[PDB]
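Student: in the first instance, please consider these chains from the complex; the rest will follow:
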Amino acid sequence: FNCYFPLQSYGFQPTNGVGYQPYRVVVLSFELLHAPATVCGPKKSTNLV
Amino acid sequence: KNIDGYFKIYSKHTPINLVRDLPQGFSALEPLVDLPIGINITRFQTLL
């Protein structure tokens, strides 16, 4: 009584509603410390003349 | 050396015939490695 387990399972079934169906989520957070930026983008090149 | 977070490693290999001490002469060290560590360094040691 008044002492419950803090966690609970998800009811993920193939027939479940879209709202109740599982969804995989990725959150991308960017950081700028007092350090070199080591994660850069492609910066695609062009042909040489 | 370690400057603004980058670890710079230069090196040079040469042949010698001189057990007693460092050879007198002149030779320059080309860079080999540039590490973006951003790590503090104030002490080091060698491993043999």
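Tutor: Thanks, I have it. Residues are numbered from 1 along each chain as shown, chains lettered A, B, ... in the order given.
Student: interface residues of chain A facing chain B?
Tutor: A:33-36, A:38 (C-beta under 8 Å from any C-beta of the partner chain). The way it works is simple: take the backbone N, C-alpha and C, and place the C-beta from them, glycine included.
Student: cutoff 7 Å now
Tutor: Within chain A, the positions near chain B by C-beta under 7 Å from any C-beta of the partner chain are A:33, A:35-36, A:38.
Student: so which of those comes closest to residue B:3?
Tutor: Nearest to residue B:3 out of the residues of chain A next to chain B is residue A:36 (C-beta to C-beta; 10.7 Å).
Student: still on that earlier bit, wait, which of the residues of chain A next to chain B is closest to chain B?
Tutor: Chain B has its nearest neighbour among the residues of chain A next to chain B in residue A:35, at 2.8 Å by C-beta to the nearest C-beta.
Student: re the thing from before, looking at the residues of chain A next to chain B, which are in helices?
Tutor: Among the residues of chain A next to chain B, DSSP state H puts none in helices.
Student: chain C should join the structure above:
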Amino acid sequence: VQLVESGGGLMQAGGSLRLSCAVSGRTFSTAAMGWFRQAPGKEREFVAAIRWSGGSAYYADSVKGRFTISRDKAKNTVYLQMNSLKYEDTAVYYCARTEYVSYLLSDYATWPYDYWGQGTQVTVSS
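Tutor: One more piece, chain C, placed on the ones above:
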């Protein structure tokens, strides 16, 4: 995944028996284990449940103060210590397992379990 029961059998009233149920095969997770029993001609009935995490136990009224459920996580085994045996305890005892985590322990008394052992006879004599 298999539930393998052992122990039990014949014991005179007032005595004590221990049932074991070992879980074999690759499991992702275990939420809870339970013991049920079925006496001849009667419906299968909840006996006890234990949460795998923390080891909190929930008991049918009929076995309170007599039976103890316990778990050895490292051996993936649940136990039922059956003390002060009565004729009414004579039944086939079944191990059960679920991956369903309820915040509410009492739910394990009525939750339909996913996995079942083969059943082990306990017979209480005079």
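Student: what parts of chain A come near chain C?
Tutor: Residues of chain A lying close to chain C by C-beta under 7 Å from any C-beta are A:4-5, A:7-9.
Student: residues contacting the residue nearest the centre of chain C?
Tutor: By C-alpha atoms, centre = their mean, chain C has its centre lying nearest to residue C:35, at 2.0 Å. Taking C-beta atoms under 7 Å, 6 or more residues apart in numbering or on different chains, we find residue C:35 in contact with C:19, C:47-48, C:69, C:80, C:93, C:95.
Student: returning to that earlier point: nearest to chain B, of the residues of chain A next to chain C?
Tutor: Comparing the residues of chain A next to chain C against chain B with C-beta to the nearest C-beta places residue A:7 closest, at 37.3 Å.
Student: skipping adjacent residues, who's closest to that closest one in space?
Tutor: Counting by C-beta to C-beta, 6 or more residues apart in numbering or on different chains, residue A:7 lies nearest to residue C:101, which is 5.6 Å off, once chain neighbours are set aside.
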